[PDB]
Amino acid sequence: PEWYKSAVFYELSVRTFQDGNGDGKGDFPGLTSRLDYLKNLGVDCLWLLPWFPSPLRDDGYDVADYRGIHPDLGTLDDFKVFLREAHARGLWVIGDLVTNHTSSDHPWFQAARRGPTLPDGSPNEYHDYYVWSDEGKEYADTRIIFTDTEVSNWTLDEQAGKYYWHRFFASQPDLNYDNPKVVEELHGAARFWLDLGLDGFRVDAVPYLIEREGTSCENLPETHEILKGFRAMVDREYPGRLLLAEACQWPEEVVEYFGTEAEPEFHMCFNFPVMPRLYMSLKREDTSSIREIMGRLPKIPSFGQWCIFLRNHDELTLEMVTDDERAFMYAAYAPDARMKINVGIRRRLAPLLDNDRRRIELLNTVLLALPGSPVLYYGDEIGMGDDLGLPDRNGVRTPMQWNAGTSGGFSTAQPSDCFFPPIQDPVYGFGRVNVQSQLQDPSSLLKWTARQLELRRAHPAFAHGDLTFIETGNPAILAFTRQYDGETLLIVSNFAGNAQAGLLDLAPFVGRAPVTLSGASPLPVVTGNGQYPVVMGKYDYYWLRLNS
């Protein structure tokens, strides 16, 4: 099976991981010097956030050169050293392809804004690279994604005297994918990095590629068309490489980004639909929305694999939940208005869960036990907090906390000279929360995460097995089976904060012997009608094997 199906992912920003020269910004030489840490954590694949030259108006997602390294982060040779040294340890590394839009400082758009026709006689080839409007009335009935900061997806450009389109900030003008010249430009930027030996791409914001008047301008077939062209190129020209899609839509729409077996698209998509339902189910102590939303995801093609996660560099997004659910999630997890941003919640995993390690453990359990490949977000393995006095989603991207020395070992610059300030409070600051202390503590959250990934890595049914929900008689208790290659695991999880009893329907497995995955503690044989009484402590997780 493909490497990505068996891999564990780790999402970092090199501007925020490890500063190597005291300017207060993370860089590639600083990341390289930490590769052993990630290896020994149990990670296989590093997903780096954008590293290209950029004014950093959307923290680097507004690219002004698709084929360079941002001068903050080092040189193209620093990048090459880092790639051969990650590969030498057997890590894979994937990039972030920002295909929907460039920065307005990108030279294509400095060219395009001159207008269809140059001051010179001739037509401007670059004008058609972007999406222009005389009045800016097209594509109405089209939501605004960045809702706390933009009032329209059209913006007036003094130079061109026309309107240009942008799904995100005005600093990020959309690329026009109806121009074949733009599709080649994208292909050629991907080739440049694959040629360097990068292992693949997380492709950002795929639903918003093609616009069409009279539609929502999400998930249009033309978009899927272009995406299949990209997969067809990679298949032909770089077999083995991974394309991974960010596509925050509803179950029915997300699954289309795998394409089909006849016409493949992405190898992987994030499982955005479950992520918010995990959090809500913990507050209602009812797990049915996990079962409902999981049950709407169809099966995916053979090459496919879900990517599963709890948090990331962005807001905990609520754009694709019911209106009732979003109101509930705000009251439950954003009690201060400062905690919201756009249509989401800008908080890290530990503070979302009141820093309760029993809860952090339970959720990481469910992350690791669901059909997919897990991606961890840097710092959640040590329980990092957030800095809510920082603009946009930056309070969730503070520097990695390595020890209790200057700026948590991230830099020898002082906290207020760092790009973002490292967190310094009594609960989450680097005095209390850092890698070094957790390397020496036998019962660390970090030690726990490592040992828990070891446990998954010894049981391939987690990566490759099917999934079937067991009836339980108690909505607080979620049980399911993962089956593959003969092995049958049974995962049992309590979303309630006190003891719960359940009655599992194990009728398909009468005569079988449940043992724990850790130390094979035996449990009673499934007998009779297979209805199986269980009791569970607050936030307990049972990882079982049903022996035939």
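All residue numbers are counted from 1 along the displayed sequence.
Note on 30-38 vs 53-61: mean CA B-factor is higher in 53-61.
With 317-325 and 371-379 compared on mean CA B-factor from the PDB entry, the stretch scoring higher is 317-325. Of the candidates 357, 267, 166, 162, the PDB record gives 162 the highest C-alpha temperature factor.
If you compare the C-alpha temperature factors of 93, 151, 427, 453 in the entry, 151 comes out highest. The entry lists a Cα temperature factor for residue 497 that places it in the lowest third of the chain's modelled residues. Ranked within its chain, residue 509 lands in the highest third, by CA B factor from the PDB record.
Ranked against the other modelled residues of its chain, the C-alpha B-factor of residue 129 as given in the entry falls in the middle third.
Among all modelled residues in this chain, the alpha-carbon of residue 464 has a temperature factor (C-alpha) in the middle third. In the deposited entry, the Cα temperature factor of residue 238 sits in the top third of values across the chain's modelled residues.
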